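Trainee: Before I ask anything, here is the structure I am working with.
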Amino acid sequence: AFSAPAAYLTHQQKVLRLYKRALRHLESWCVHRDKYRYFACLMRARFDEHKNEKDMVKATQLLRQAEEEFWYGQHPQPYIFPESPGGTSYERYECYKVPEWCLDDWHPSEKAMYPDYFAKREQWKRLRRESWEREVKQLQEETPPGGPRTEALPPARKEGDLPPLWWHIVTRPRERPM
Amino acid sequence: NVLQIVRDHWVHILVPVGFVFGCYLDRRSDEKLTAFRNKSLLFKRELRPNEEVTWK
Amino acid sequence: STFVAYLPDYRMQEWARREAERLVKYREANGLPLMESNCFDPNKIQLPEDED
Amino acid sequence: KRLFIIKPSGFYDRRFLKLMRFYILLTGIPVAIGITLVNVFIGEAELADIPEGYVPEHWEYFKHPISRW
Amino acid sequence: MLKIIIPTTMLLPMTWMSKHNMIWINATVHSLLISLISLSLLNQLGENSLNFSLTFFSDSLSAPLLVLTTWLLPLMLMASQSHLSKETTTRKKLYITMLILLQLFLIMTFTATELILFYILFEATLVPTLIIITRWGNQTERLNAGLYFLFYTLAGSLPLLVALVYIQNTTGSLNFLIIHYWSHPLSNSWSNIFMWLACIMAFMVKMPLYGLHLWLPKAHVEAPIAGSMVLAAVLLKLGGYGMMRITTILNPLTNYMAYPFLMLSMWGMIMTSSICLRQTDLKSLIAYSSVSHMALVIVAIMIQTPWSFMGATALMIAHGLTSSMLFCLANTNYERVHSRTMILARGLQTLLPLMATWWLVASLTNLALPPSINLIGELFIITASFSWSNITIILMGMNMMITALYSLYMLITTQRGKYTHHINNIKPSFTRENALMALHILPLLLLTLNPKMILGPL
Amino acid sequence: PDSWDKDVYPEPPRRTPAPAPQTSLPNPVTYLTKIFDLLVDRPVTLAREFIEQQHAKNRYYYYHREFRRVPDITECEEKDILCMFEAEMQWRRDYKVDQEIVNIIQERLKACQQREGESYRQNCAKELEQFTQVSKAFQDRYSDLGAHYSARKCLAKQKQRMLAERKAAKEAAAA
Amino acid sequence: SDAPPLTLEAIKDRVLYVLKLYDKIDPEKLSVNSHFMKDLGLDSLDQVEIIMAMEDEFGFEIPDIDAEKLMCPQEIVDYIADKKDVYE
Ligand SMILES: CCCCCCCCCCCCCCCCCC(=O)OC[C@H](COP(=O)([O-])OCC(O)COP(=O)([O-])OC[C@@H](COC(=O)CCCCCCCCCCCCCCCCC)OC(=O)CCCCCCCCCCCCCCCCC)OC(=O)CCCCCCCCCCCCCCCCC
Ligand SMILES: CCCCCCCCCCCCCCCCC[C@@H](O)O[C@H](CO[C@H](O)CCCCCCCCCCCCCCC)COP(=O)(O)OCC[N+](C)(C)C
Ligand SMILES: CCCCCCCCCCCCCCCCC[C@@H](O)O[C@H](CO[C@H](O)CCCCCCCCCCCCCCC)COP(=O)(O)OCC[N+](C)(C)C
Ligand SMILES: CCCCCCCCCCCC(=O)SCCNC(=O)CCNC(=O)[C@H](O)C(C)(C)COP(=O)(O)O
């Protein structure tokens with residue numbers, strides 16, 4: 001969610017992702033801890049049995065067969081962490097998330113409460129206004145002529161710079177806003 | 001000082017005056033359809049010792 | 001809303017209910033049928049002479 | 001610790017609701033009081049036979065005082 | 001009934017003599033007063049109509065329509081003054097003049113005693129609507145919309161005119177009371193069939209009937225907000241009122257001339273409800289909703305029973321209020337984001353809670369939640385159709401399932417989910433918009449409290 | 001009470017059994033109903049007595065409106081608009097009164113069904129028969145006139161039924 | 001009430017606690033800056049198992065693209081703190 005994706009996944013990445021998926025589904029099948037540990041050690045042995053195959057074609061064939069076996073033997077109802085995309089609390093608190101710009105529309109009577117908070121907010125807004133043009137200039141310099149090729153962004157490099165395009169990442173609402 | 005107030009808010013009598021004039025014209029229209037007043041078989045009635053017409 | 005709620009009964013619902021009450025009382029007292037299938041008296045109707 | 005909770009401005013909706021309640025009540029509390037006072041101290045008419053030779057006014061054919069008025 | 005007509009004609013010079021910054025206040029105040037005066041027409045009899053003069057009369061069918069018209073004028077004024085702020089004083093006065101002239105024409109149309117006077121006023125309503133659409137609409141399509149609005153109407157109404165004058169040469173009168181008392185049956189001949197079609201098609205295209213409805217999405221989408229309000233709430237009901245008036249001379253031909261129109265109405269009600277499920281423009285969805293409800297009204301008028309007539313009257317009133325409210329609700333979002341695409345602005349319940357409550361209530365009345373008068377009209381029509389044929393409950397039933405779906409779909413798309421991140425210009429709701437929503441919705445429930453006022457002469 | 005006529009809305013003599021306690025335990029229902037009496041029924045009775053005292057000091061009357069009988073649609077010439085108008089108004093009033101008669105009979109039926117409890121199928125036979133007769137008469141008079149009904153269409157329907165009945169009677173006579 | 005307000009020190013303590021219960025890592029030789037591959041001599045499968053153990057410890061899932069990059073306990077602690085809005 002945080003890292004910029006690459007153009008493709010490598011063979012090692014696919015093997016590791018299959019290993020994690022297989023272990024998770026095996027834990028879903030093996031509810032008890034000791035049984036899961038036993039069969040997970042067996043699965044790890046089965047995985048590292050073919051770790052030293054120098055023929056890449058045979059390696060991809062083995063990966064293909066393993067993925068077919070996984071799809072046949074997957075748990076139809078695997079365990080999902082409650083806040084994971086399939087969980088029971090996945091987007092539960094999205095209705096409580098309010099963007100910060102709404103605070104600009106508060107009536108002055110509402111802003112009369114919380115004076116110090118709004119003074120700090122004004123300081124942050126001043127910082128963003130002072131940093132924007134330098135961020136844009138740094139992005140203009142660091143970008144190759146044929147446009148960017150990845151979604152990775154550079155850090156700040158100068159004396160008192162800020163990493164470009166930082167406002168909406170830094171001022172995230174919260175994970176439990178209200 | 002009522003001069004400025006009148007010249008600013010004299011448009012507020014047009015609609016009430018129109019309502020009154022419409023009521024008057026409706027009464028005038030009713031005045032022209034009395035050919036069967038106190039003459040229907042259902043409502044024909046003897047006049048009271050004082051009243052002249054059954055309705056206006 | 002108050003003006004509409006207190007509008008006088010020009011639809012004659014209560015009048016019709018009272019008239020029906022009187023009619024039912026009279027007809028049940030004298031043993032007549034409550035309602036007749038004919039709403040017009042046949043003696044005031046002249047049917048065509050021949051049906052053949 | 002106590003944290004600031006970011007919400008949209010609730011001032012304007014509350015103001016509208018208060019204004020609507022105020023005006024509705026401003027005209028509807030006198031109406032309710034008047035209806036109650038009329039009902040208590042000027043009841044409904046009692047149905048009676050028409051006396052011989054009397055021609056009632058049209059508003060005399062209804063029973064509630066407000067409807068008659 | 002000049003006590004209602006003359007004050008509107010007085011609204012005209014009152015608007016044209018007002019100070020430049022008092023036009024809206026004066027127009028709104030005196031429009032509300034005129035609505036209060038027109039409230040007295042609801043005192044109706046059980047036997048005949050209120051015959052004011054040789055020219056005007058009031059029935060139990062036209063009085064709620066007049067009340068709806070006079071109540072809709074101030075709401076239109078309130079909804080229009082936001083997007084007309086940059087306009088010049090003369091053009092604002094001209095816009096208000098168009099609205100006033102439309103109200104006057106509608107008021108005289110609903111109370112005319114003769115059919116030719118009714119026809120003249122019912123065509124005269126065309127000019128202010130067309131001017132409003134083509135002069136104050138926002139996009140380039142408005143011009144095309146105007147053309148679609150005009151000719152679709154006139155191609156229906158020009159035959160009717162001919163039929164009308166023909167009838168006056170045969171019976172000697174077009175007075176509605178004389179026409180009703182001296183009614184004679186229509187024989188089964190080709191001439192009578194074409195007379196029936198000439199008498200029916202103008203009102204059919206006004207409803208509109210499915211297959212003749214293409215003008216409506218264009219005109220109701222391209223119009224300004226007041227234009228859409230008056231097009232959905234009142235101008236569609238001209239067809240139903242005219243059909244219920246004109247059917248008194250078409251028996252017993254209707255007994256079999258209604259079949260193609262009944263089939264079109266039922267199947268096209270299903271079709272337009274289905275179309276509402278895949279719509280990217282929020283205004284077009286509301287327009288197709290209007291088409292489905294009017295198909296129900298057409299079925300009710302065509303089967304010609306007392307229960308169907310009561311249901312048709314109730315449904316017309318309820319739909320007018322509900323569709324006007326829905327158009328205003330969509331216009332608030334459009335004025336905020338300047339786009340009619342439904343999925344552009346999402347999660348608006350988080351940003352505007354009271355407006356979300358208004359959305360919920362409007363969508364609840366659209367799907368005819370009991371005991372709303374929407375549901376009362378729909379249920380009366382469905383019961384009458386069941387008496388007409390037991391199989392209709394299938395199609396009607398399907399409609400009831402689809403309507404709710406798309407209705408809730410609309411709500412779920414606009415109010416729920418997460419807000420769009422890049423839209424940062426959503427300001428809090430103004431007092432004017434909340435008052436507009438309340439003045440739409442409160443009369444609906446108040447009418448539920450006393451439903452016999454919108455059930456018609458039957 | 002005396003608010004309604006007891007012959008138009010009759011009720012049985014209301015036989016109810018006397019309490020027959022068989023247990024030494026007290027009856028919570030009796031204790032609760034005594035509390036309800038003393039705590040609810042008395043203040044309401046006093047308020048009603050005050051309201052009725054106020055009402056008695058201002059006694060005024062309203063009257064039931066009387067309509068005389070005008071000629072029916074059968075006695076009207078073909079194009080005589082005034083007689084047709086009066087006859088049509090009289091016919092509409094009669095239609096409303098007939099609807100209210102049916103309503104009274106249906107009220108009787110519903111009340112009997114609720115009153116008789118588990119024995120309603122046998123104990124409501126008379127009300128069911130009365131409703132059957134009234135419904136048949138009303139259906140003969142007014143059904144199928146449609147919207148845009150009038151006295152003339154009702155007369156045409158009655159004439160058609162009379163013609164059919166006369167033909168059936170004469171054909172049965174020839175048997 | 002609900003769970004206590006997780007702090008950075010608690011997160012680091014639990015991460016180190018999980019790591020010292022792993023039989024392939026020497027407890028004394030382990031520090032908060034030790035690299036899994038260079039310092040500790042583990043391969044990619046061990047890193048996947050470590051990430052899964054962290055997920056079990058803290059009751060939430062770390063996506064694969066983010067989990068591949070974590071190489072020392074400090075990165076794991078920082079990722080968990082950033083995810084859960086921990087600032088103290
Ligand atoms: C909040 C705003 C926010 C926005 C919201 C939107 C708002 C929109 C509003 C739009 C405008 C709306 C206007 C509509 C106009 C309609 C007015 C109307 O027609 O009134 C009708 C009706 C009056 O009818 P009426 O024809 O005038 O009366 C005929 C008779 O002549 C009368 O009989 P009477 O001779 O017996 O006299 C009775 C008299 C006196 O009766 C009594 O005194 C007796 C009562 C019992 C007392 C007995 C015991 C108590 C005392 C004992 C102790 C003291 C005595 C001993 C002292 C010592 C103590 C021990 O009382 C009355 O007169 C009736 C009350 C008057 C109410 C009028 C309503 C007007 C409202 C208009 C304003 C609208 C806005 C609202 C604002 C209003 C202010 C809040 O008013 C009522 O509403 C009555 C309802 C109460 C009946 C009981 C309820 C039964 C429940 C059954 C259902 C159960 C299901 C559960 C649901 C329950 C939920 C309720
Ligand atoms: C924001 C907070 C909301 C919640 C809080 C609310 C607090 C409580 C308030 C809610 C009240 C609950 C309503 C319960 C009903 C009680 C009132 C009821 O009994 O009165 C009805 C009366 O209601 C009215 O009749 C209906 C109102 C009329 C509607 C017209 C609206 C005004 C015009 C506006 C523009 C028109 C646009 C639509 C065009 C068609 C009954 O009529 P009726 O049974 O006979 O009375 C018999 C005795 N009479 C005849 C002597 C009076
Ligand atoms: C897109 C939607 C537009 C709006 C929809 C409007 C619907 C209009 C449809 C008209 C309904 C019926 C019209 C006439 C009634 C019967 C028509 C005919 O088909 O029935 C038979 C008629 O018989 C034959 O069909 C002769 C007619 C055949 C010629 C008509 C052309 C129809 C072909 C389809 C053309 C499409 C027309 C619509 C264009 C848009 C009945 O036999 P018959 O008893 O003897 O005729 C009754 C009349 N009599 C008694 C005087 C003799
Ligand atoms: C729920 C039940 C369904 C599950 C069934 C699953 C069945 C599959 C079991 C067998 C699958 C295999 O072994 S597939 C065998 C695949 N073998 C190869 O690719 C050889 C080349 N080696 C490498 O790529 C790296 O060493 C690598 C291995 C990635 C380690 O990565 P690191 O060292 O850099 O961390």
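Ligands are numbered from 1 in the order shown, residues from 1 within each chain, and chains are lettered A, B, ... in the order they appear in the structure tokens.
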Let me see if you get this right: every residue at most 12 Å from ligand 3, counting only C-alpha atoms and all ligand atoms, written as a PyMOL selection string.
Mentor: chain E and resi 152+155-156+186-198+200-214+253-265+268
Trainee: Which protein, DNA or RNA residues have an atom within 8 Å of ligand 1, counting only C-alpha atoms and all ligand atoms, as number ranges by chain?
Mentor: C: 1-6; D: 20-22, 24-25, 27-33, 35-40, 43-44, 64; E: 442, 446; F: 40, 43-48, 51-52
Trainee: Would you list which chain C residues are within 8 Å of chain F using only C-alpha atoms, as a list in words?
Mentor: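 That gives the following set of residues: residues 15, 16, 17, 19, 20, 21, 24, 25, 34, 35, 36, 37, 38, 39, 40, 44, 45, 47 and 51 of chain C.
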Trainee: Take CA of residue 9 in chain E and CA of residue 31 in chain E and report the distance between them in Å, one decimal.
Mentor: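 A separation of 11.4 Å between them.
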Trainee: Identify which of the residues C:7, C:26, C:18, C:48 lies closest to ligand 2, counting only C-alpha atoms and all ligand atoms when measuring atom-to-atom distances.
Mentor: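 Counting only C-alpha atoms and all ligand atoms, the residue closest to ligand 2 is C:7.
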Trainee: Please provide the set of residues having any atom within 12 Å of residue 7 in chain B, restricted to only C-alpha atoms, with same-chain residues fewer than 6 positions apart removed, written as a PyMOL selection string.
Mentor: (chain B and resi 1) or (chain E and resi 17-19)
Trainee: Go ahead and write the residues just picked, N, CA and C atoms, as a PDB file, in the first residue's frame.
Mentor:
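Generated output (again_26.pdb):
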ATOM      1  N   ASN B   1     -41.034  62.074   6.514  1.00  0.00           N
ATOM      2  CA  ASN B   1     -40.016  61.153   6.024  1.00  0.00           C
ATOM      3  C   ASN B   1     -40.667  59.978   5.302  1.00  0.00           C
TER       4      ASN B   1
ATOM      5  N   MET E  17     -42.127  46.967 -11.196  1.00  0.00           N
ATOM      6  CA  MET E  17     -41.952  48.250 -10.528  1.00  0.00           C
ATOM      7  C   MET E  17     -41.106  48.157  -9.268  1.00  0.00           C
ATOM      8  N   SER E  18     -40.612  46.972  -8.923  1.00  0.00           N
ATOM      9  CA  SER E  18     -39.868  46.789  -7.689  1.00  0.00           C
ATOM     10  C   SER E  18     -38.466  47.377  -7.798  1.00  0.00           C
ATOM     11  N   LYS E  19     -37.896  47.693  -6.639  1.00  0.00           N
ATOM     12  CA  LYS E  19     -36.506  48.101  -6.565  1.00  0.00           C
ATOM     13  C   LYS E  19     -35.604  46.923  -6.933  1.00  0.00           C
TER      14      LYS E  19
END
Trainee: For chain F against chain E, which residues fall within 12 Å using only C-alpha atoms, given as a PyMOL selection string?
Mentor: chain F and resi 73+77-97+142-153
Trainee: What would the file look like if the residues just selected were written as a short mmCIF file (atom, residue, chain, number, x, y, z; two decimals), in the first residue's frame with N, CA and C atoms?
Mentor:
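Contents of selection.cif, as written:
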data_model
loop_
_atom_site.label_atom_id
_atom_site.label_comp_id
_atom_site.auth_asym_id
_atom_site.auth_seq_id
_atom_site.Cartn_x
_atom_site.Cartn_y
_atom_site.Cartn_z
N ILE F 73 -85.16 10.89 -13.13
CA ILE F 73 -84.68 10.98 -14.51
C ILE F 73 -85.68 10.37 -15.49
N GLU F 77 -87.76 15.11 -19.98
CA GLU F 77 -87.69 15.09 -21.43
C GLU F 77 -86.23 14.97 -21.87
N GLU F 78 -86.04 14.64 -23.15
CA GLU F 78 -84.74 14.19 -23.62
C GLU F 78 -83.67 15.27 -23.47
N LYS F 79 -83.99 16.52 -23.81
CA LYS F 79 -83.01 17.59 -23.81
C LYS F 79 -83.29 18.66 -22.75
N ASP F 80 -84.17 18.38 -21.79
CA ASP F 80 -84.54 19.36 -20.77
C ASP F 80 -83.43 19.41 -19.72
N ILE F 81 -82.57 20.42 -19.81
CA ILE F 81 -81.33 20.43 -19.03
C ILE F 81 -81.61 20.62 -17.54
N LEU F 82 -82.60 21.44 -17.18
CA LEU F 82 -82.83 21.78 -15.78
C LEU F 82 -83.38 20.59 -15.00
N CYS F 83 -84.39 19.92 -15.56
CA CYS F 83 -84.94 18.73 -14.91
C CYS F 83 -83.90 17.63 -14.81
N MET F 84 -83.09 17.45 -15.86
CA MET F 84 -82.01 16.48 -15.80
C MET F 84 -81.01 16.82 -14.70
N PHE F 85 -80.69 18.10 -14.54
CA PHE F 85 -79.75 18.50 -13.49
C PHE F 85 -80.30 18.16 -12.11
N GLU F 86 -81.56 18.52 -11.85
CA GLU F 86 -82.15 18.23 -10.54
C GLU F 86 -82.23 16.73 -10.29
N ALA F 87 -82.63 15.96 -11.30
CA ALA F 87 -82.72 14.51 -11.16
C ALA F 87 -81.35 13.89 -10.91
N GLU F 88 -80.32 14.38 -11.60
CA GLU F 88 -78.98 13.84 -11.42
C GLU F 88 -78.46 14.13 -10.02
N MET F 89 -78.71 15.33 -9.50
CA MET F 89 -78.31 15.63 -8.13
C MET F 89 -79.03 14.72 -7.13
N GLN F 90 -80.33 14.50 -7.33
CA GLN F 90 -81.07 13.60 -6.45
C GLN F 90 -80.51 12.18 -6.52
N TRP F 91 -80.18 11.72 -7.72
CA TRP F 91 -79.63 10.38 -7.89
C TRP F 91 -78.28 10.24 -7.19
N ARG F 92 -77.43 11.26 -7.28
CA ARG F 92 -76.13 11.21 -6.60
C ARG F 92 -76.30 11.16 -5.09
N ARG F 93 -77.24 11.95 -4.56
CA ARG F 93 -77.51 11.89 -3.12
C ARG F 93 -77.99 10.50 -2.70
N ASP F 94 -78.87 9.90 -3.50
CA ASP F 94 -79.34 8.55 -3.20
C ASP F 94 -78.20 7.54 -3.25
N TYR F 95 -77.28 7.70 -4.19
CA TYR F 95 -76.11 6.83 -4.27
C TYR F 95 -75.27 6.91 -3.00
N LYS F 96 -75.03 8.13 -2.51
CA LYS F 96 -74.27 8.28 -1.27
C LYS F 96 -75.00 7.63 -0.09
N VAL F 97 -76.32 7.81 -0.01
CA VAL F 97 -77.07 7.22 1.10
C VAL F 97 -77.02 5.69 1.03
N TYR F 142 -75.65 -0.47 -8.92
CA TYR F 142 -74.58 0.47 -9.22
C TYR F 142 -73.33 -0.12 -9.85
N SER F 143 -73.14 -1.44 -9.82
CA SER F 143 -71.92 -2.00 -10.36
C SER F 143 -71.85 -1.82 -11.87
N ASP F 144 -70.62 -1.66 -12.37
CA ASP F 144 -70.25 -1.62 -13.78
C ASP F 144 -70.67 -0.34 -14.49
N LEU F 145 -71.19 0.65 -13.77
CA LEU F 145 -71.46 1.94 -14.39
C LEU F 145 -70.18 2.61 -14.85
N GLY F 146 -69.07 2.33 -14.16
CA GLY F 146 -67.78 2.89 -14.51
C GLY F 146 -67.63 4.31 -14.02
N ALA F 147 -66.42 4.84 -14.22
CA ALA F 147 -66.23 6.28 -14.07
C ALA F 147 -67.05 7.00 -15.13
N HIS F 148 -67.45 8.23 -14.82
CA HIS F 148 -68.42 8.99 -15.62
C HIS F 148 -69.82 8.38 -15.51
N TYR F 149 -70.16 7.85 -14.34
CA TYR F 149 -71.50 7.32 -14.14
C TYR F 149 -72.51 8.46 -14.05
N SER F 150 -73.77 8.11 -14.30
CA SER F 150 -74.86 9.08 -14.24
C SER F 150 -76.16 8.34 -13.99
N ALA F 151 -77.23 9.12 -13.83
CA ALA F 151 -78.56 8.53 -13.67
C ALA F 151 -79.04 7.87 -14.96
N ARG F 152 -78.68 8.43 -16.12
CA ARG F 152 -79.12 7.87 -17.39
C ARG F 152 -78.53 6.48 -17.62
N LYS F 153 -77.26 6.29 -17.27
CA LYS F 153 -76.64 4.97 -17.43
C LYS F 153 -77.25 3.96 -16.46
#
Trainee: Could you name the residues that touch residue 42 in chain E at 9 Å or less, counting only C-alpha atoms, but leaving out those on the same chain fewer than 5 positions away, as a list in words?
Mentor: residues 4 and 7 of chain C; 60, 63, 64, 67 and 453 of chain E
Trainee: How would the residues just picked look written out with N, CA and C atoms as an mmCIF file, in the first residue's frame?
Mentor:
data_model
loop_
_atom_site.group_PDB
_atom_site.id
_atom_site.type_symbol
_atom_site.label_atom_id
_atom_site.label_comp_id
_atom_site.auth_asym_id
_atom_site.auth_seq_id
_atom_site.Cartn_x
_atom_site.Cartn_y
_atom_site.Cartn_z
ATOM 1 N N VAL C 4 -57.767 23.913 6.641
ATOM 2 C CA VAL C 4 -58.232 22.740 5.907
ATOM 3 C C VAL C 4 -58.795 21.697 6.866
ATOM 4 N N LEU C 7 -62.451 22.487 7.779
ATOM 5 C CA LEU C 7 -63.363 22.839 6.701
ATOM 6 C C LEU C 7 -64.737 22.220 6.952
ATOM 7 N N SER E 60 -63.415 18.857 -7.810
ATOM 8 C CA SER E 60 -62.552 18.197 -6.841
ATOM 9 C C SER E 60 -61.304 17.610 -7.485
ATOM 10 N N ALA E 63 -58.939 21.463 -8.128
ATOM 11 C CA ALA E 63 -58.550 22.281 -6.979
ATOM 12 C C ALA E 63 -57.193 21.894 -6.398
ATOM 13 N N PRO E 64 -56.890 20.616 -6.132
ATOM 14 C CA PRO E 64 -55.525 20.285 -5.694
ATOM 15 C C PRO E 64 -54.463 20.643 -6.720
ATOM 16 N N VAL E 67 -53.839 24.329 -6.281
ATOM 17 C CA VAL E 67 -53.078 24.541 -5.053
ATOM 18 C C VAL E 67 -51.614 24.181 -5.272
ATOM 19 N N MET E 453 -58.513 14.996 0.342
ATOM 20 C CA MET E 453 -58.362 16.244 -0.394
ATOM 21 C C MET E 453 -57.670 16.069 -1.739
#
Trainee: With only C-alpha atoms considered, list every residue of chain B at most 12 Å from chain D, as a PyMOL selection string.
Mentor: chain B and resi 43+45-49+51+54-55
Trainee: For the selection you just gave me, I'd like the residues written to a file as a PDB file, in the first residue's frame, keeping C-alpha atoms.
Mentor:
ATOM      1  CA  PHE B  43     -84.910  24.869  -2.777  1.00  0.00           C
ATOM      2  CA  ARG B  45     -89.118  28.595  -0.384  1.00  0.00           C
ATOM      3  CA  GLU B  46     -91.574  31.190   0.857  1.00  0.00           C
ATOM      4  CA  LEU B  47     -89.946  34.490   1.760  1.00  0.00           C
ATOM      5  CA  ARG B  48     -89.530  35.590   5.355  1.00  0.00           C
ATOM      6  CA  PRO B  49     -91.617  38.588   6.494  1.00  0.00           C
ATOM      7  CA  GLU B  51     -85.957  39.335   3.654  1.00  0.00           C
ATOM      8  CA  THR B  54     -82.846  34.266  -0.727  1.00  0.00           C
ATOM      9  CA  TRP B  55     -79.197  34.852  -1.667  1.00  0.00           C
TER      10      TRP B  55
END
Trainee: With a distance threshold of 7 Å and counting only C-alpha atoms, extract the residues of chain A near chain E and express them as a PyMOL selection string.
Mentor: chain A and resi 94-95+101+105
Trainee: Would you mind reading off the distance between atom 1 (C, counted along the ligand's line) of ligand 2 and CA of residue 96 in chain A, one decimal, in Å?
Mentor: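 That distance, rounded to one decimal, is 24.5 Å.
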Trainee: Where does DSSP see alpha helix (DSSP H) in range 16-76 of chain G, if you list the residues as number ranges by chain?
Mentor: G: 16-20, 44-58, 64-67, 73-76
Trainee: Set out as CSV a contact list for chain G and chain D with a cut-off of 12 Å, giving each residue of chain G that qualifies its closest atom pair and distance in Å to one decimal, counting only C-alpha atoms, ordered by chain and rising residue number.
Mentor:
residue,atom,partner,partner_atom,distance
G:4,CA,D:1,CA,11.3
G:5,CA,D:1,CA,9.3
G:88,CA,D:1,CA,11.6
Trainee: Would you mind exporting the chosen residues as a PDB file, in the first residue's frame, restricted to N, CA, C and O atoms?
Mentor:
ATOM      1  N   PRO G   4      -5.182  -0.336  25.262  1.00  0.00           N
ATOM      2  CA  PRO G   4      -4.380   0.834  25.641  1.00  0.00           C
ATOM      3  C   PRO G   4      -3.738   1.484  24.428  1.00  0.00           C
ATOM      4  O   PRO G   4      -3.631   0.867  23.357  1.00  0.00           O
ATOM      5  N   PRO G   5      -3.303   2.741  24.558  1.00  0.00           N
ATOM      6  CA  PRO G   5      -2.667   3.439  23.431  1.00  0.00           C
ATOM      7  C   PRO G   5      -1.245   2.971  23.157  1.00  0.00           C
ATOM      8  O   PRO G   5      -0.293   3.503  23.736  1.00  0.00           O
ATOM      9  N   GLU G  88       4.145   8.553  19.743  1.00  0.00           N
ATOM     10  CA  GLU G  88       4.913   8.630  20.980  1.00  0.00           C
ATOM     11  C   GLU G  88       5.507   7.274  21.337  1.00  0.00           C
ATOM     12  O   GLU G  88       6.076   7.098  22.414  1.00  0.00           O
TER      13      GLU G  88
END
Trainee: Taking only C-alpha atoms into account, which residues of chain A are within 7 Å of chain D, as a list in words?
Mentor: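 Per the criterion, chain A yields residues 98, 100, 102, 103, 105, 106, 107, 177 and 178 of chain A.
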Trainee: Do you know which residues are at most 12 Å from range 77-79 of chain G counting only C-alpha atoms, after dropping those on the same chain fewer than 6 positions away, and could you put them as an MDAnalysis selection string?
Mentor: (chainID A and resid 1:3) or (chainID G and resid 6:16 32:33 51 54:55 58 61:63 66:67 69:71 85:88)
Trainee: Counting only C-alpha atoms and all ligand atoms, which protein, DNA or RNA residues come within 7 Å of ligand 4, given as a VMD selection string?
Mentor: (chain A and resid 11 to 13 15 to 16 22 25 to 26 43 46 to 54 59 to 60 62 to 63 66 to 67 69 to 71 73 to 75) or (chain G and resid 43 to 45)
